[PDB]
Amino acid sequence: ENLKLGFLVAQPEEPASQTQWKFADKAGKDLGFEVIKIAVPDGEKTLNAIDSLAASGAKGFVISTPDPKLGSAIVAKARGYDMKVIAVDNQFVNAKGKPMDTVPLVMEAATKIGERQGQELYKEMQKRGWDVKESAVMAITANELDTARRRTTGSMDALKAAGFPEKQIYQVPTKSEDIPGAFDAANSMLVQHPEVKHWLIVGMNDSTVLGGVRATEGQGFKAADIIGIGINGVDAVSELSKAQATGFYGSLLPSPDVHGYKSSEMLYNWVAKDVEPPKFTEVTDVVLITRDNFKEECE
């Protein structure tokens, strides 16, 4: 009696994780299953929660792994327990760091959120009325990462498609995904292109775009002459909460409510109705938080 399904999140203190749990519970009510919620901040507690789920009689679970390289261990343990597994937000990888494509995955498409970035950059640019002749794109890239590559390519593609001149899009590889690496990359771009008066900053995440913005400050560029939009809002609140407006215009955040609901629904259909999910299930809903709205928006 009464189907039980797990929902495991790495970071239960995060508003987004709490939202995932909320909307999984909503999936449970709507479809008739009980949600067992367990925090999994490390590999030990990850393995424990699975053992715990098995003993409770859960037939499957959704997980946002705290470490992608936990994938093999997760898959093997779940298999011995005959429990269905769906990954949310973070893709599993093997011992060689190649993505495990066998485990169904539910998240935003990296290209699509990249494209959304390029669209919003161009929209903020058109709004400010920059002369496109004295303007350019600084794309800080980490192309050896697949998700970064797809974000920055998507962003640049959307920018090109919206009519930004391909000749004024400049790329620079970052040596690390921190502020420092992005700052070093942004710096070398600024020195190689002083004829530029207005910069659009493309990058894969908040931290990358922020290194961008920080480097432009050091070179005397004003906020009004710099547009950068982050992805996933890791730094968005503190930066947008500042007294003054900066070159960091906003951030793109995938909707955790849809991630939570949809993953749970796919898991239920698998377990209760024997409908195997596809390898990848794209969730599109993405919100832009700016200074103007991050109060009402981070509700």
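All residue numbers refer to positions in the sequence shown, first residue = 1.
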Self-check item: Average Cα temperature factor in the PDB entry - higher stretch of 174 to 182, 203 to 211
Solution: 174 to 182
Quiz prompt | 283 to 291 or 7 to 15, whichever carries the higher mean Cα B-factor | solution = 283 to 291
Self-check item: Highest-ranked of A139, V75, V93, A148 once sorted by CA temperature factor in the record
Solution: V93
Quiz item: Highest Cα B-factor in the PDB entry belongs to which of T153, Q126, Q117, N187?
Solution: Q126
Exercise. Consider only the C-alpha atoms of the modelled residues in this chain, order them by B-factor as the entry records it, and name the third containing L70: lowest, middle or highest.
Key: middle
Practice problem: Ordered by C-alpha B-factor within the chain, which third holds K167? Give me lowest, middle or highest, please. | Solution: highest
Practice problem: Can you work out whether the C-alpha temperature factor of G228 puts it in the lowest, middle or highest third of the chain? | Solution: lowest
Self-check item: Third of chain Cα B-factors occupied by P104
Solution: middle
Quiz item: Sorting the chain's CA B-factors, does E34 end up in the lowest, middle or highest third?
Solution: middle
